[PDB]
Amino acid sequence: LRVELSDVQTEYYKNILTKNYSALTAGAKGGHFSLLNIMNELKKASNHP
DNA sequence: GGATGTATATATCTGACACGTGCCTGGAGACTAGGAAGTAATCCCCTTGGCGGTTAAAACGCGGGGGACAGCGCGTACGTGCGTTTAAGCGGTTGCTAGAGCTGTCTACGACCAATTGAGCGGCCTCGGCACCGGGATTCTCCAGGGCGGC
């Protein structure tokens, strides 16, 4: 069963895939968003925001 | 009526601005070579999120006593003040020598380049020593026969 993505999932996928440290850090002062293992973060974004 | 306090004017001292000059060091223009940026390939280490099992370290609680801290006494050693001494600080002599600066000459020593080759790095074969397996020598436990006692 292939399901489409929500808007939050789509913007998280676009922020990770086109790396946006400033945009990913924005919101409750970040917390040192680690973009090492890009595919791990993409799988996390595909699962749940 | 005489001398004192105060205001304005003039000469002199002093830091700062501009003018002048040398010179030498930085800037402009041109040329060239190589340092570094970029590209592709290969291979190994690091990242993130998990699982499993061992186990020794970490955590928690509790009793107790050793040590930190406060207080007090005391005596000594350091602060304080004064009078006396002494040596630092300044100015000075008198010559000679060391050293910075500048100029000049020259020569041995180090940069540079080409050819060479032999010392450093990797793998391969062998020995020294440690270990695995087979055989000989030495000592320990055991089963059976002979003799004696009882009904």
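What follows draws every value from the coordinates through simple rules; no lab data is involved. Please note: Cβ atoms are built from the backbone with ideal geometry, for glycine as well, and neighbour counts cover all protein chains shown.
Quick look at the numbers
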quantity: Hits in region A:16-49 - residues which are more than 18 Å from A:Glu4 (Cβ to Cβ), among the polar types (S, T, N, Q), assigned to a helix (DSSP H, G or I) and more than 10 Å from DNA strand B (Cβ to nearest atom); calculated: A:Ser22, A:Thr25
quantity: Every pair of residues 6+ apart whose Cβ atoms lie under 8 Å, when the first sits in region A:1-21 and is under 21 Å from A:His32 (Cβ atoms) while the second is among the polar types (S, T, N, Q) and in a loop (DSSP other than H, G, I, E, B); calculated: A:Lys14/A:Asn20
quantity: Qualifying residue in region A:11-27 (condition: exposed (fewer than 10 other Cβ atoms within 10 Å of the Cβ) and on the phi > 0 side of the Ramachandran plot); calculated: yes
